[PDB]
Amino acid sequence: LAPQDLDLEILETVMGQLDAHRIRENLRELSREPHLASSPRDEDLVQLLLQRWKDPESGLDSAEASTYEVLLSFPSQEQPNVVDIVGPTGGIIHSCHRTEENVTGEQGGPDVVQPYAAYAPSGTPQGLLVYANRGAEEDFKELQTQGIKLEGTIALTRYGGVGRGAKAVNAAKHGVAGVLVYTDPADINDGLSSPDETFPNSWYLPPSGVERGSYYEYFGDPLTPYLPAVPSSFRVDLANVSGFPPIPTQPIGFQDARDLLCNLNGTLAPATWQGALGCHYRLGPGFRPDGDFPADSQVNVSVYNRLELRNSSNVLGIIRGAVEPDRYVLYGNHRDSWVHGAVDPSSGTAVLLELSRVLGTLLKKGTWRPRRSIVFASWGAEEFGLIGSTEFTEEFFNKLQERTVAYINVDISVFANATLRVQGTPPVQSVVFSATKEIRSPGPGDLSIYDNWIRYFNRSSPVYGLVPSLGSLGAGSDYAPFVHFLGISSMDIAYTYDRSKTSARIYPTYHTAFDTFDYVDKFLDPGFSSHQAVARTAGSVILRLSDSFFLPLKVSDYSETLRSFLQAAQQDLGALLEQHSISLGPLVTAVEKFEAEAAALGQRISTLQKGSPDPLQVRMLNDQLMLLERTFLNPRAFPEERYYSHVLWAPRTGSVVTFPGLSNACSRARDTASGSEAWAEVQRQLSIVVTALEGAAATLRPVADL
């Protein structure tokens, strides 16, 4: 007769049933063949999910596929992309490698998509080579400042620093004709480059491995901004599409990068532009007369990529809530990969299958039904730009915004096995702290997941003292439309490596044809105990959100973030702002009001917990908690971005670490004259934050107070 609440016996049963061996075998099946979005293998995996989730003994209440027709991009099987060194008459002097070398048994066959830059256009530019570091605006500016002619050149860049497509966008502003991208061994392999030093001998990236990836500027289907890609939909004209790289762009292996960069002529690049290819790096243009190639040689980049409409499916599954079925706890993972995608995303999908098996099995026994609905999602086409998740948020925008408690994402479950790492908005911190305190870490000692985690990623809180840190959410996976466009509190959970033992930017075989089952089984997670730890963490978070009578969301945890952003503004912008007749006084007041009201709400919750409150009273409080995140949305704040409406977490390019709209506006206004449009936009961005925080505070106050 007491209202349904978190049942710790159910929780422990679930934690104890998550089976590392089942996860391993899931991963073996998921990663056995390449599974690019919209491929026949992608469709086999859609059917696998459906079959698992419709099973009468271990399935969910229901499961269904939904399909969108979306604009993807592929290279040509008939005319491969090629990078050649050519002479004055067009004779080929040297050809780069076309695809990964069959080093581990799974590469080099027609199943493997050639490396390419998805959404980069076809073309056949040819010109003198330059080296442009990470291809940031400041990198091309450095070349220009040095008197290097950029018009008509081919620019070689390394992954990292700025997004994939941005390298081509920034190049093209200087009239660069084509772009090459490689991963520098300094950036991913702790400076190692040899066959014996790299996979299959270690987790490191082999010399022929090539990061594939989306080079589109935005996320979501390119043709249908703010509308779902259902067959009938308005589509932007292929000519009116914004966000494609403007020039042909092609990624290459670091062995091919070595041949190019280590032969360049000219000035030594800055120390910060150096790497581990094996030589000092020079800037170009062109090759050095004492090197491997004639100094009149050019680089020809021939690209044959096509844009192609394709069907991509999501698979949704649901366990209906027993008491509040119109509240959703959403747990999602993308399904599609660049090649075999054993790590990305199949390590997550293997966990998705195992968690959903345990809960479905428990559901089918009659042992349990959660208080709120649990919705499981297998997203399609994430590698092309979060397409499947984005289209879902556009199609079910209102139903999701009114009803979703939180979105839990597991993309890669395991980057390595040293430590948990979690990214998320502050309302979700408390529940993942709670969950990880009560699960044992698979690593040495006898620590909980939480006590191991804090040894790797921590911060000092004025409230709690030293605690594990939560990373902020950008657009690195399918949480992006949930947090930035729908304003749903979100979390992303993984296990990862120790940054004191490696500086790798990501696990080294990311997005290559060396991301295979053996890579995980031998190196990342032998025994699969880290996959199991992530499954347990995600399962415990999910059940705490789906079953607890009072929702375990602490909106008061946002106060530290707001205060931190306010302090950075006061310290680094306050004087500049004052010079322009712009006061931070209303912002101070709004942060103080949020702090006061979120604290008072937490005290009213604590007070009510001491008795036996009515279900409706708790539902009213749970609505204030879960809908708080929505108050930071303003769809007019960032008109030059797409989907970003959350005024706390939109991309920040300004140097001050404060509210991103304010930081970016001050950066743009800084050298403009008083009374400029750019200064007026600083005031607009500041008033957008103040209004958002005042409105957030107003939702946390007692609901019938004026």
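Note that residue numbering begins at 1 and tracks the sequence as displayed.
- Relative to its counterpart among 579-587 and 599-607, 579-587 has the higher mean temperature factor, C-alpha atoms as listed in the PDB entry.
- Note on 113-121 vs 622-630: mean CA B-factor is higher in 113-121.
- For the set 280, 327, 369, 636, the PDB entry puts the maximum C-alpha B factor at 280.
- Take 435, 467, 262, 545 and read off each C-alpha B-factor from the entry; 262 has the highest.
- In the deposited entry, the Cα temperature factor of residue 65 sits in the top third of values across the chain's modelled residues.
- When the modelled residues of the chain are ordered by C-alpha B-factor, residue 499 sits in the highest third.
- For residue 646, the recorded CA B-factor ranks within the lowest third of the chain. Only modelled residues enter the ranking.
- In the PDB entry, a CA B factor belonging to the lowest third of its chain's modelled residues is recorded for residue 409.
- In this PDB entry, residue 312 carries a Cα temperature factor that places it within the middle third of its chain's modelled residues.
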